[PDB]
Protein chains: 4
Amino acid sequence: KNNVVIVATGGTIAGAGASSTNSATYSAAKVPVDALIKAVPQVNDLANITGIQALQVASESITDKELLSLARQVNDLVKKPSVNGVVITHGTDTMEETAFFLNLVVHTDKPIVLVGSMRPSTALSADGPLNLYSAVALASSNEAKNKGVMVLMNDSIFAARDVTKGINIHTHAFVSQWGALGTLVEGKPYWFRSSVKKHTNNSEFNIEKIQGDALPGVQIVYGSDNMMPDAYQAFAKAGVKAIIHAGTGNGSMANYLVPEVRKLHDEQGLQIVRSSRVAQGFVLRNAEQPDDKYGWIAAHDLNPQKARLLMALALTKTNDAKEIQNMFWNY
Amino acid sequence: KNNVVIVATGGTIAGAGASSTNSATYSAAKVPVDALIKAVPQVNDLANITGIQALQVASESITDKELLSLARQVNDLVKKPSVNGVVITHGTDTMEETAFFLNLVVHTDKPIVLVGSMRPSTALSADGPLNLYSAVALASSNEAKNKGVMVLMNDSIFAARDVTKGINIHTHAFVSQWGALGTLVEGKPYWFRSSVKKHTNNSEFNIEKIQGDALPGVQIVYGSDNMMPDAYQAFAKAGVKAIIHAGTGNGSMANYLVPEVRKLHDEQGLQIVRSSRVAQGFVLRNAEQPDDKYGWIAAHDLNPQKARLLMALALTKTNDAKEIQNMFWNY
Amino acid sequence: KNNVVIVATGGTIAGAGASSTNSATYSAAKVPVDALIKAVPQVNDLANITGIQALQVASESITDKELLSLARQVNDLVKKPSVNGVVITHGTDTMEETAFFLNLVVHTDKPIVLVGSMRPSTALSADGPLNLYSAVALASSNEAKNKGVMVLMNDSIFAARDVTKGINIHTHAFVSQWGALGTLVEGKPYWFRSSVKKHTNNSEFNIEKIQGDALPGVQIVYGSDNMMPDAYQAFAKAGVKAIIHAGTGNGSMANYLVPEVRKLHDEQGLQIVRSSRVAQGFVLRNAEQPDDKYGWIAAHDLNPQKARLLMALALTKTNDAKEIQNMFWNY
Amino acid sequence: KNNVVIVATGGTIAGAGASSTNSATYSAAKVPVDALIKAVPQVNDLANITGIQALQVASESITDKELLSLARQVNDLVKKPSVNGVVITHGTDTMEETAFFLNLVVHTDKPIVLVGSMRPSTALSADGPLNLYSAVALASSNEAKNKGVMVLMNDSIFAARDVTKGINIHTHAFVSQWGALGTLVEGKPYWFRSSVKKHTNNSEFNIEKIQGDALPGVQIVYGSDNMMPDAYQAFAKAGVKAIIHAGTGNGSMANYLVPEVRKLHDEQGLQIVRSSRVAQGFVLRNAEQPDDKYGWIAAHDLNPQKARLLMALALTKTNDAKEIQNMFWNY
């Protein structure tokens, strides 16, 4: 009987716009926070519920403004003696992204859970309910503190730092290579692992310290064979501070672009983070390109999207390639 | 005692340039085809060996010219009564890419195996040898015909259509969601599944019919939250025929770009293939954007790189969005 | 508008006995076939439905009598010009077992689908419905013929030969190492692979030819370190025809038992199938024990339960260790 | 330049007995500890090496005597100011078993690594070397303390509590559902997770306190459909203290045996641990059988082999079903 606040951002559960049959019609915009709370009324047996409608966006279309604004609201909410835990309803597409961000800039020990649904609130066998309820049992859990930010999908408790969308039609679309912190079954949380990274109270970054309504321009260029320097060139010329190179294999750069990408960093001062298109394992620094020689960064095990966010947050504090390289090794 | 031809393209095995200790120093350019054949001399007990040095590139840097040129050589080689099977030594990064391509344009029933190594020929416990030898036992196998093109890594026989680099430091970096056709252990192949797709002899495409030294411009734009229309715009303006949209989730387009991406297709005639950044499951047509309304294509279960190649090959035969949509459903 | 027959065997969906909240209370016995058909009424838009209550057992407690009796009913049903496809409601625990069996002894080309549920019909976000409906869309599918027997769980279409329960609380408990034949999303089936094994019309075995109400005694002994010959000895002495040795690793027998297990085969004529406790990869004949020397069988890639059934069916036709070894290589 | 002691127990690496070609011929007994140390001489650049030949067994055949004897040696070795870390060469089959045991009874903070090989020291591309060397870099690592016991296979650092043999021919046969603590690449360890369980210094159990040359009889009965009470009955009658029931699904007992298994516990005082044959997820207490009613134990997420060892160690301290149930929830 802790007060969990459910913070609605939109997404397929707190919005279903088609199918009373199956998955595919992921069309949100639709069911605000109470419409939800009132649909899974069991959630009330778990705790004292209060629903805030923070945004009513569709996941894929979130920008830094929405991130900085949900972060601030979840920061304001989390500072109150009466908020015990917080649950966020989020579209599955970019969930990974918001939990990395809050993981990063929110200084709190209380449970911050992003919960979602792979089926419209109206498809047969809809996943949302059992996830909202279960998401709730943890946010109200007395032993959910200092886990960092967590995702809760298919009874799994995931650490924000590595949870990502690995599958596309299935209710069990959320995976991790280091795995889940644990499982939540029939109201109760079960723990197995703990992150060895920096999050929440032990994190350089802070939305309280961040004041814009945007972060410095960081943008992603995807690797494949037969590439062109056109996106790099378009992005430099647009005034982005760094490019995350979604390198093939281990952070790989095509020998026709090193020339090009080197100047974009040397001349126009672009930062260069070497990540991959390969979901598991990590990009070893100095391995497949000499970062040291070139002044680049090895984004370790962050997927492009996530690396994107660390760098945007990184360049709020330094321009120094080694100190940033240092954060990619810690988070 | 079949004649397998080993066709060297470069890559870490048929080239090791650093470490007598471990993985990380993936530096090719180094050990041509005989240097190789003479290092795993057991390969000769398997068949009659002949090594061709087709290129001496590093995987990540292959272009369409190298693709069209290896394709033609593997086509010329495969038409001879004396070539029973062919083995290709390839860098692991873009292997997936060459096997999709040949899978596609080579009209033959004989075994075409791309083999590679995750450790420099000189690291302790180097994977290359057992893979070259094993790759050989299949290409010389009498029951390796009409499997399509196959990859052979960590004793696994993979179908070219879905095999990709899922892990980064490990010898078992090659995965598939539909799985392996089978396993090769101690010289012998073991079968379990067969593709239900079109490949080799039953394939619209053909390098014999393709004459350039390049295919039509197709290029990849990667999805994440806070995106810009700059790469699309850079690529249209450069004269690419289609963009593969590495959409977040199920092929997702940010509502700030549909406006933009629509005109780039409507006005400047760009083709638009909606794929994902999510490795497994597939992008359902009409689901998360109305392709029908917009004239776009659902790239089904092809990862961006691979979708990239189908489209380049697609626009050699049609400009018709439905007939192409039709190939994404078949290959 | 094909006539699919839903054949109810019991299990958690066609029986929920506790929880209106979550998973754990798997207590069947409860909801017969119509109670079901009338709960997922959408199933009727898919086809002409007819529900048969074949048994009302709990999965784990099925015996050979229940197997032979469901087999015969599914054989009688499948011979009729008006039965287009059949769907079986089954407890998840031993589903794998019934689909292997029918896979084996039912001579038909029509779709035989075993469908189940990991949550009681009453838990929040219950999986049953979307699975019954979806199971139905395939059994009524015009392109579901000669796939063998299939399992349909979490929108996945699985081949009976290798599908097994790999996870325990989750809706996505059914895995395979060779993977799924395909996926069923929003009424439609999507194909990727096909088995390369013998099933249904191309299968030695037949319930029509089998007349008892039991098969010959075949029983499983589990491997671990510090074992005793007591179960073998108990089973020989009880009059079982063969023992499936759930060997550690690659079919491994402890050197303190080879002496013992050899005599139980040499003297009392016991058959010995060397399988494993390791779920993936397979037990190579002559590898870790000399079968040839000893007169044993390498059960290839069948898990103990499944090997158990092949052997019971094997000893209905031969006692010849090589001809049986031959079936383990084919099914 | 720490002193790691390599403790040889036998197994395929520190013993290869056939193949200069591939995997399958796993025949140990063969290459003692120095024969090894002298074959991967790079290991000496990592630290000061000293090889002890503790046993020269083949993995699958280890008993409690070998366990209690390796435990004591690794306990004696670990108490010395000059032993910084210890590496154990072990057969892959039952490795999981020894690391669980030592994990349990060894009171130390120093790195205890069990290392192995899936290919004979003589197969092409043999895994042993890169694993022995790498195993060494951690045992000599200054930041390998209080991780518990670890397995090191395919550059992965695994926690003893959950690491098991999931695949059979491949070099990457060792998996975990909660994942790896981290990876070791090119001499350096990389951390991501930490166990949340009790091990080494914070563990009830102790080989120093254990004096026999055997532990109380605990033995495993495997679940499938069509079972018999003969093994239970054979084991009770032999004088085992508890049976680990390798239940189908979630710890499931066939209704024809509950009668039987109940008396074997009620009458002859047998302990009953309900585990599964399902490798992932865990057996929830009171779920699929009422333990409370019956006086049984839910072995949570321990596979049969491992549950086997906890119970043997459990019954050295209590006979009390709740206090033991309590250890299954902690280790």
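Cβ atoms come from the backbone with ideal geometry, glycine included; neighbour counts cover every protein chain shown. Each reported figure results from applying straightforward, stated rules to the coordinates on display, with no laboratory input.
Computed quantities for the displayed model
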quantity	calculated
Using a 7 Å Cα-to-Cβ projection, D:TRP329 label spacings across copies, nm, ascending	4.1, 5.3, 5.5
Normalised convex hull volume, chain B, alpha-carbon set, Å³ per residue	125 Å³
Nearest-to-axis residue of chain D, judged by beta-carbon position, where the axis maps D onto B, in Å	D:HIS172, 2
Between helix A:95-105 and chain A: long-axis angle, C-alpha atoms, 0 to 90°, nearest 10	80 degrees
Averaged over C:187-198, number of beta-carbon atoms from partner chains that fall within 10 Å	5
Helix-derived mean residue ellipticity, 222 nm - over the protein assembly as shown, DSSP H n ≥ 4, -39500 (n - 2.57), to 500	-7000 deg cm²/dmol
Cα point-scatterer Debye curve for segment A:273-331, base-10 log of I(q)/I(0) at q = 0.12, 0.16 Å⁻¹	-0.24, -0.43
Average beta carbon contacts from partner chains per residue of A:14-26, 10 Å cutoff	4
Cα-only Debye scattering, segment B:4-132: base-10 log of I(q)/I(0) at q = 0.18, 0.20, 0.21 Å⁻¹	-0.91, -1.11, -1.21
Unit charges on C-beta of K, R, D, E only; dipole of segment A:1-216, Debye	380 debye
Inter-copy separations for A:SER194, label at 7 Å along Cα-Cβ, nm, ascending	0.5, 5.4, 5.5
Interchain or long-range residues, amide H under 5 Å from B:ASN48's placed H	B:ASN2, B:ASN3, B:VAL4
Fewest-first ranking of D:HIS265, D:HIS199, C:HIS90, D:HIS107, using other Cβ atoms within 10 Å as the exposure measure	D:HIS107, D:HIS265, D:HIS199, C:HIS90
Three-way shape label, segment B:217-331, alpha-carbon gyration tensor, a/c 1.5	rounded
Tail fraction, Cα-Cα pairs, segment B:137-178, threshold 16 Å, whole percent	37 percent
Fluctuation leader among B:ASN154, B:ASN303, B:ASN319 - chain B, Gaussian network, Cα springs under 10 angstrom	B:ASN319
Candidates B:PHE192, B:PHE205, B:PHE101: whichever shows maximal mean-square fluctuation once chain B is modelled as a Gaussian network with Cα springs under 10 Å	B:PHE192
For C:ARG72, label point 7 Å along C-beta direction: distances to other copies, nm	6.0, 6.9, 7.5
Hydrodynamic radius of segment A:171-273 per Kirkwood, over alpha carbon pairs, in Å	17.5 Å
Alpha-carbon Rg with Dmax, taken over segment D:138-215, Å	14.4, 42
Exercise: per-residue mean of other protein chain Cβ atoms within 10 Å, D:231-241	4
Angstrom value of the Kirkwood radius, inverse mean 1/r, which spans all Cα pairs in segment A:51-90	11.1 Å
Where Rh is the Kirkwood radius over Cα pairs, Rg/Rh for segment A:9-83	1.02
³J(HN,Hα) computed for each position of segment B:316-323 - Karplus, 6.51 cos²θ - 1.76 cosθ + 1.60, integer Hz, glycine/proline x	9, 10, 8, 10, 6, 3, 7, 5
Segment A:214-272: radius of gyration over Cα atoms, expressed as a fraction of 2.2 N^0.38 Å	1.05
For C:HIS300, distant residues with modelled amide H under 5 Å away	C:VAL283
5 angstrom amide H check on C:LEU124, placed H, neighbours 5+ away	C:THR21, C:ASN22
Hz values of 3J(HN,Hα) by residue in segment D:229-236 - Karplus curve (6.51, -1.76, 1.60), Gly and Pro given as x	x, 4, 4, 3, 4, 5, 4, 4
Interatomic Cα distance distribution for segment D:57-148, bins of 10 angstrom, percent	16, 46, 32, 6
Ascending count of other beta-carbon atoms within 10 Å, so fewest first, for D:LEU77, A:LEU55	A:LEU55, D:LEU77
Cα convex hull volume per residue for the protein assembly as shown (Å³)	155 Å³
